[PDB]
$ cat start.cif   # mmCIF, C-alpha atoms and all ligand atoms
data_target
#
loop_
_atom_site.label_atom_id
_atom_site.label_comp_id
_atom_site.auth_asym_id
_atom_site.auth_seq_id
_atom_site.Cartn_x
_atom_site.Cartn_y
_atom_site.Cartn_z
CA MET A 1 -8.16 8.08 -11.02
CA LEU A 2 -5.19 10.40 -10.51
CA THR A 3 -4.32 12.35 -7.36
CA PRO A 4 -4.85 16.13 -7.70
CA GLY A 5 -1.68 18.05 -8.50
CA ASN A 6 -0.54 14.96 -10.37
CA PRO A 7 2.19 14.07 -7.85
CA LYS A 8 4.42 11.33 -9.26
CA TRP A 9 7.86 9.82 -8.81
CA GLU A 10 10.55 11.15 -11.14
CA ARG A 11 12.44 7.88 -10.83
CA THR A 12 11.00 4.51 -11.88
CA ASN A 13 13.33 2.43 -9.69
CA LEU A 14 12.02 2.83 -6.16
CA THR A 15 13.00 1.27 -2.87
CA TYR A 16 10.81 0.31 0.03
CA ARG A 17 11.61 -0.62 3.59
CA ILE A 18 9.44 -2.54 6.03
CA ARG A 19 10.19 -0.58 9.20
CA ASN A 20 8.30 -2.87 11.55
CA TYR A 21 5.90 -5.79 11.53
CA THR A 22 2.49 -6.84 12.73
CA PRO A 23 2.88 -9.91 14.97
CA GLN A 24 -0.32 -11.36 13.48
CA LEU A 25 1.61 -12.74 10.52
CA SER A 26 5.14 -14.12 10.33
CA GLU A 27 7.74 -11.66 9.08
CA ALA A 28 7.95 -13.73 5.89
CA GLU A 29 4.20 -13.46 5.34
CA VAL A 30 4.35 -9.70 5.84
CA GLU A 31 7.27 -9.46 3.44
CA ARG A 32 5.37 -11.60 0.92
CA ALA A 33 2.23 -9.48 1.17
CA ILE A 34 4.29 -6.33 0.58
CA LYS A 35 6.41 -7.84 -2.19
CA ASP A 36 3.35 -9.10 -4.04
CA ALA A 37 1.56 -5.78 -3.54
CA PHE A 38 4.38 -3.90 -5.25
CA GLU A 39 4.65 -6.46 -8.03
CA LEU A 40 1.03 -5.72 -8.92
CA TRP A 41 2.02 -2.22 -9.94
CA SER A 42 5.45 -3.07 -11.31
CA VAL A 43 4.15 -5.50 -13.92
CA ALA A 44 1.79 -2.85 -15.30
CA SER A 45 4.28 0.01 -15.45
CA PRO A 46 8.02 0.72 -15.81
CA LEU A 47 8.24 0.84 -12.03
CA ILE A 48 10.79 -1.38 -10.31
CA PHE A 49 10.68 -2.03 -6.58
CA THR A 50 13.56 -3.19 -4.45
CA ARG A 51 13.50 -3.85 -0.72
CA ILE A 52 16.08 -2.51 1.72
CA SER A 53 16.28 -2.95 5.49
CA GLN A 54 18.92 -0.32 6.20
CA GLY A 55 19.21 3.23 4.96
CA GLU A 56 16.57 5.55 3.55
CA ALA A 57 14.05 3.96 1.20
CA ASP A 58 11.60 5.78 -1.03
CA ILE A 59 8.60 4.05 0.49
CA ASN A 60 8.62 3.34 4.21
CA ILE A 61 6.10 0.77 5.42
CA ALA A 62 5.12 0.60 9.06
CA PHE A 63 2.38 -0.57 11.39
CA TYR A 64 1.37 2.00 13.98
CA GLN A 65 -1.14 2.46 16.75
CA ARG A 66 -3.13 5.68 17.25
CA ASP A 67 -0.83 8.72 17.29
CA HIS A 68 2.39 8.01 15.41
CA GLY A 69 4.01 11.33 14.59
CA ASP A 70 2.32 12.50 11.39
CA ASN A 71 -0.78 14.10 12.88
CA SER A 72 -3.05 11.50 11.25
CA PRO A 73 -3.65 9.02 14.10
CA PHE A 74 -5.01 5.54 13.64
CA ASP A 75 -8.24 4.59 15.37
CA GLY A 76 -8.38 1.01 16.61
CA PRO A 77 -10.37 -1.75 14.81
CA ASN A 78 -11.91 -0.91 11.40
CA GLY A 79 -12.47 2.66 10.27
CA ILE A 80 -9.07 4.00 9.16
CA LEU A 81 -7.20 0.92 7.95
CA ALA A 82 -4.06 2.63 6.74
CA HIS A 83 -2.94 5.65 4.76
CA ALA A 84 -0.15 6.69 2.47
CA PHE A 85 1.49 9.88 1.32
CA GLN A 86 1.66 11.01 -2.30
CA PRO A 87 4.99 10.74 -4.16
CA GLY A 88 7.63 13.01 -2.67
CA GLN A 89 10.70 13.13 -0.46
CA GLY A 90 10.69 12.48 3.28
CA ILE A 91 7.34 11.02 4.30
CA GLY A 92 6.04 11.27 0.75
CA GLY A 93 5.12 7.86 -0.60
CA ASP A 94 5.24 6.23 2.83
CA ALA A 95 2.51 3.80 3.81
CA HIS A 96 1.30 3.29 7.37
CA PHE A 97 -1.01 0.58 8.57
CA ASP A 98 -3.17 0.53 11.68
CA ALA A 99 -1.49 -1.97 14.00
CA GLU A 100 -4.81 -2.48 15.77
CA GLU A 101 -6.43 -4.14 12.78
CA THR A 102 -6.56 -7.86 12.37
CA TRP A 103 -4.07 -8.39 9.54
CA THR A 104 -4.31 -11.54 7.47
CA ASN A 105 -3.40 -13.29 4.26
CA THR A 106 -6.84 -14.90 4.14
CA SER A 107 -10.38 -13.83 3.31
CA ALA A 108 -10.83 -12.48 6.84
CA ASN A 109 -10.60 -8.69 7.28
CA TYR A 110 -8.14 -7.32 6.61
CA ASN A 111 -5.99 -8.91 3.95
CA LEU A 112 -2.65 -7.12 4.25
CA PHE A 113 -1.68 -7.80 0.64
CA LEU A 114 -4.85 -6.08 -0.59
CA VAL A 115 -4.69 -3.11 1.74
CA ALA A 116 -0.98 -2.66 1.04
CA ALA A 117 -1.48 -2.91 -2.73
CA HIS A 118 -4.18 -0.27 -2.46
CA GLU A 119 -2.10 2.00 -0.25
CA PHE A 120 0.87 1.72 -2.60
CA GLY A 121 -1.40 3.00 -5.34
CA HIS A 122 -1.57 6.18 -3.28
CA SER A 123 2.17 5.96 -2.70
CA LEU A 124 2.56 6.05 -6.47
CA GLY A 125 0.18 8.95 -7.02
CA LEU A 126 -3.15 7.30 -7.77
CA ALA A 127 -6.41 8.58 -6.34
CA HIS A 128 -9.58 6.61 -5.69
CA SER A 129 -11.61 4.90 -8.39
CA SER A 130 -15.39 4.83 -8.79
CA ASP A 131 -15.10 1.32 -10.18
CA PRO A 132 -16.27 -1.05 -7.40
CA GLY A 133 -13.96 -3.75 -8.73
CA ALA A 134 -10.90 -1.51 -8.85
CA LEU A 135 -8.09 -1.99 -6.35
CA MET A 136 -8.25 1.76 -5.75
CA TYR A 137 -11.94 1.71 -4.83
CA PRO A 138 -12.40 3.85 -1.64
CA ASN A 139 -13.79 1.06 0.52
CA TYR A 140 -12.23 -2.28 1.31
CA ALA A 141 -13.64 -5.44 -0.21
CA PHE A 142 -11.95 -8.83 -0.24
CA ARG A 143 -11.08 -10.28 -3.64
CA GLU A 144 -9.38 -13.64 -4.21
CA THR A 145 -5.69 -13.05 -3.62
CA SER A 146 -4.12 -16.36 -4.71
CA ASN A 147 -3.77 -15.17 -8.31
CA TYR A 148 -4.59 -11.50 -7.90
CA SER A 149 -3.45 -9.17 -10.66
CA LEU A 150 -4.06 -5.44 -10.96
CA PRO A 151 -7.68 -4.78 -12.05
CA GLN A 152 -8.18 -3.07 -15.40
CA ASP A 153 -9.00 0.38 -13.99
CA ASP A 154 -5.89 0.36 -11.82
CA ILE A 155 -3.75 -0.65 -14.79
CA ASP A 156 -5.23 2.31 -16.68
CA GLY A 157 -4.47 4.47 -13.65
CA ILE A 158 -0.79 3.64 -13.30
CA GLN A 159 -0.30 3.71 -17.06
CA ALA A 160 -1.79 7.19 -17.13
CA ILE A 161 0.93 8.36 -14.76
CA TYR A 162 4.00 6.28 -15.64
CA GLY A 163 3.24 4.68 -18.98
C1 LIG B 201 -9.67 -3.73 -3.50
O1 LIG B 201 -8.69 -3.80 -2.45
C2 LIG B 201 -8.79 -2.71 -1.46
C3 LIG B 201 -9.75 -1.57 -1.64
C4 LIG B 201 -9.81 -0.53 -0.65
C5 LIG B 201 -8.94 -0.57 0.54
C6 LIG B 201 -9.01 0.51 1.57
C7 LIG B 201 -7.79 1.01 2.26
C8 LIG B 201 -7.90 2.06 3.25
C9 LIG B 201 -9.22 2.62 3.59
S1 LIG B 201 -9.37 3.88 4.80
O2 LIG B 201 -8.39 3.64 5.93
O3 LIG B 201 -10.83 3.89 5.35
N1 LIG B 201 -9.03 5.39 4.03
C10 LIG B 201 -7.72 6.02 3.92
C11 LIG B 201 -7.78 7.55 4.33
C12 LIG B 201 -8.44 7.70 5.69
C13 LIG B 201 -6.41 8.20 4.65
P1 LIG B 201 -7.15 5.92 2.22
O4 LIG B 201 -7.90 4.75 1.34
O5 LIG B 201 -7.18 7.34 1.26
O6 LIG B 201 -5.54 5.42 2.07
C14 LIG B 201 -10.40 2.13 2.92
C15 LIG B 201 -10.31 1.10 1.94
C16 LIG B 201 -8.00 -1.68 0.70
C17 LIG B 201 -7.93 -2.74 -0.29
CA CA B 202 -8.43 1.38 12.27
CA CA B 203 9.24 8.40 1.59
ZN ZN B 204 0.65 7.72 9.46
ZN ZN B 205 -7.40 4.67 -0.51
#
$ encode --input "start.cif" --output "structure tokens"
Amino acid sequence: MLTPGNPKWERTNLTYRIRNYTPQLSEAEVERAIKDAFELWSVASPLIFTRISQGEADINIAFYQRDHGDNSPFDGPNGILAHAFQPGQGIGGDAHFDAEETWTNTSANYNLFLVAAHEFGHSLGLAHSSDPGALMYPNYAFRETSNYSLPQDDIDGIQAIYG
């Protein structure tokens, strides 16, 4: 459940910045998906997340197409949905999303809130779970989002790292 090397943030109060947006959702919807994704982890740990739109944030969020500077290119529809970097300075903790995906806040692939929540797990130092119902499961599966709360295994995962 934990990323090898046990990379974790030394600070519990982290900032995130939405560098750009997918035009498939309104900016507010994107901001809501991201805000709610972070809250999932914050309510199960001592972690606090604050958004900033200027300056350097701990977790940069951005939608990119194919090659985007970090040598891990996106690949068009499906396949690689997004990826994040383990806790650390610079690009560490950042989360990138494939701009070529259909991004939604519905049951249709892919629900941004869910993918973001999952990616932030990586941003916080969590690895994949074998539990099919866990947010950190390796493959995407829609789950009702209207009242989504961190699944038990994911709560155990973040608690294991940050208490
Ligand atoms: C329960 O909610 C979810 C579960 C899994 C995923 C998810 C996210 C990304 C991928 S990925 O793009 O195929 N794999 C990424 C890797 C190539 C860099 P990653 O999951 O390690 O971030 C697969 C499933 C999203 C939401
Ligand atoms: Ca893709
Ligand atoms: Ca960063
Ligand atoms: Zn990237
Ligand atoms: Zn993952």
$ closest_atom_pairs --input "start.cif" --of "range 67-149 of chain A" --to "range 43-51 of chain A" --cutoff "12 Å" --atoms "all atoms listed in the file" --output "CSV"
residue,atom,partner,partner_atom,distance
A:120,CA,A:49,CA,11.2
A:121,CA,A:47,CA,11.9
A:124,CA,A:47,CA,9.5
A:149,CA,A:43,CA,9.0
$ write_last_selection --input "start.cif" --atoms "C-alpha atoms" --output "tab-separated table (two decimals), in the frame of the given file"
chain	number	residue	atom	x	y	z
A	120	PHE	CA	0.87	1.72	-2.60
A	121	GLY	CA	-1.40	3.00	-5.34
A	124	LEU	CA	2.56	6.05	-6.47
A	149	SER	CA	-3.45	-9.17	-10.66
$ closest_atom_pairs --input "start.cif" --of "chain A" --to "ligand ZN 204 (chain B)" --cutoff "10 Å" --atoms "all atoms listed in the file" --output "JSON lines"
{"residue": "A:61", "atom": "CA", "partner": "B:ZN204", "partner_atom": "ZN", "distance": 9.7}
{"residue": "A:62", "atom": "CA", "partner": "B:ZN204", "partner_atom": "ZN", "distance": 8.4}
{"residue": "A:63", "atom": "CA", "partner": "B:ZN204", "partner_atom": "ZN", "distance": 8.7}
{"residue": "A:64", "atom": "CA", "partner": "B:ZN204", "partner_atom": "ZN", "distance": 7.3}
{"residue": "A:65", "atom": "CA", "partner": "B:ZN204", "partner_atom": "ZN", "distance": 9.2}
{"residue": "A:66", "atom": "CA", "partner": "B:ZN204", "partner_atom": "ZN", "distance": 8.9}
{"residue": "A:67", "atom": "CA", "partner": "B:ZN204", "partner_atom": "ZN", "distance": 8.0}
{"residue": "A:68", "atom": "CA", "partner": "B:ZN204", "partner_atom": "ZN", "distance": 6.2}
{"residue": "A:69", "atom": "CA", "partner": "B:ZN204", "partner_atom": "ZN", "distance": 7.1}
{"residue": "A:70", "atom": "CA", "partner": "B:ZN204", "partner_atom": "ZN", "distance": 5.4}
{"residue": "A:71", "atom": "CA", "partner": "B:ZN204", "partner_atom": "ZN", "distance": 7.4}
{"residue": "A:72", "atom": "CA", "partner": "B:ZN204", "partner_atom": "ZN", "distance": 5.6}
{"residue": "A:73", "atom": "CA", "partner": "B:ZN204", "partner_atom": "ZN", "distance": 6.5}
{"residue": "A:74", "atom": "CA", "partner": "B:ZN204", "partner_atom": "ZN", "distance": 7.4}
{"residue": "A:82", "atom": "CA", "partner": "B:ZN204", "partner_atom": "ZN", "distance": 7.4}
{"residue": "A:83", "atom": "CA", "partner": "B:ZN204", "partner_atom": "ZN", "distance": 6.3}
{"residue": "A:84", "atom": "CA", "partner": "B:ZN204", "partner_atom": "ZN", "distance": 7.1}
{"residue": "A:85", "atom": "CA", "partner": "B:ZN204", "partner_atom": "ZN", "distance": 8.5}
{"residue": "A:91", "atom": "CA", "partner": "B:ZN204", "partner_atom": "ZN", "distance": 9.1}
{"residue": "A:94", "atom": "CA", "partner": "B:ZN204", "partner_atom": "ZN", "distance": 8.2}
{"residue": "A:95", "atom": "CA", "partner": "B:ZN204", "partner_atom": "ZN", "distance": 7.1}
{"residue": "A:96", "atom": "CA", "partner": "B:ZN204", "partner_atom": "ZN", "distance": 4.9}
{"residue": "A:97", "atom": "CA", "partner": "B:ZN204", "partner_atom": "ZN", "distance": 7.4}
{"residue": "A:98", "atom": "CA", "partner": "B:ZN204", "partner_atom": "ZN", "distance": 8.4}
$ residues_around --input "start.cif" --residues "residue 140 in chain A" --least-positions-apart "5" --cutoff "10 Å" --atoms "all atoms listed in the file" --output "PyMOL selection string"
chain A and resi 81+109-111+114-115+118+132+135
$ write_last_selection --input "start.cif" --atoms "C-alpha atoms" --output "short mmCIF file (atom, residue, chain, number, x, y, z; two decimals), keeping the file's coordinate frame"
data_model
loop_
_atom_site.label_atom_id
_atom_site.label_comp_id
_atom_site.auth_asym_id
_atom_site.auth_seq_id
_atom_site.Cartn_x
_atom_site.Cartn_y
_atom_site.Cartn_z
CA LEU A 81 -7.20 0.92 7.95
CA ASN A 109 -10.60 -8.69 7.28
CA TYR A 110 -8.14 -7.32 6.61
CA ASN A 111 -5.99 -8.91 3.95
CA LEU A 114 -4.85 -6.08 -0.59
CA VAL A 115 -4.69 -3.11 1.74
CA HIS A 118 -4.18 -0.27 -2.46
CA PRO A 132 -16.27 -1.05 -7.40
CA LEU A 135 -8.09 -1.99 -6.35
#
$ residues_near_ligand --input "start.cif" --ligand "ligand ZN 205 (chain B)" --cutoff "7 Å" --atoms "all atoms listed in the file" --output "PyMOL selection string"
chain A and resi 83+118-119+122+128+136-138
$ closest_residue --input "start.cif" --among "A:117, A:127, A:80, A:161" --to "ligand LIG 201 (chain B)" --atoms "only C-alpha atoms and all ligand atoms"
A:80
$ residues_near_ligand --input "start.cif" --ligand "ligand CA 203 (chain B)" --cutoff "9 Å" --atoms "all atoms listed in the file" --output "count of residues only"
18
$ closest_residue --input "start.cif" --among "A:7, A:133, A:157, A:163" --to "ligand LIG 201 (chain B)" --atoms "only C-alpha atoms and all ligand atoms"
A:133
$ atom_distance --input "start.cif" --atom1 "atom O3 of ligand LIG 201 (chain B)" --atom2 "CA of residue 141 in chain A"
11.2 Å
$ residues_around --input "start.cif" --residues "range 103-106 of chain A" --least-positions-apart "5" --cutoff "7 Å" --atoms "only C-alpha atoms" --output "PDB file with C-alpha atoms, keeping the file's coordinate frame"
ATOM      1  CA  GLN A  24      -0.320 -11.360  13.480  1.00  0.00           C
ATOM      2  CA  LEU A  25       1.610 -12.740  10.520  1.00  0.00           C
ATOM      3  CA  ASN A 111      -5.990  -8.910   3.950  1.00  0.00           C
ATOM      4  CA  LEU A 112      -2.650  -7.120   4.250  1.00  0.00           C
ATOM      5  CA  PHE A 113      -1.680  -7.800   0.640  1.00  0.00           C
TER       6      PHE A 113
END
$ closest_residue --input "start.cif" --among "A:129, A:6, A:20, A:53" --to "ligand LIG 201 (chain B)" --atoms "all atoms listed in the file"
A:129
$ closest_residue --input "start.cif" --among "A:108, A:155, A:116, A:28" --to "ligand LIG 201 (chain B)" --atoms "only C-alpha atoms and all ligand atoms"
A:116
$ axis_aligned_box --input "start.cif" --around "ligand LIG 201 (chain B)" --padding-each-side "3 Å" --output "AutoDock Vina command-line options"
--center_x -8.2 --center_y 2.2 --center_z 1.2 --size_x 11.3 --size_y 18.0 --size_z 15.4
$ atom_distance --input "start.cif" --atom1 "atom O5 of ligand LIG 201 (chain B)" --atom2 "CA of residue 130 in chain A"
13.2 Å
$ closest_residue --input "start.cif" --among "A:10, A:75, A:29, A:36" --to "ligand CA 202 (chain B)" --atoms "only C-alpha atoms and all ligand atoms"
A:75
$ atom_distance --input "start.cif" --atom1 "CA of residue 19 in chain A" --atom2 "CA of residue 144 in chain A"
27.1 Å
$ closest_residue --input "start.cif" --among "A:1, A:158, A:134, A:126" --to "ligand LIG 201 (chain B)" --atoms "all atoms listed in the file"
A:134
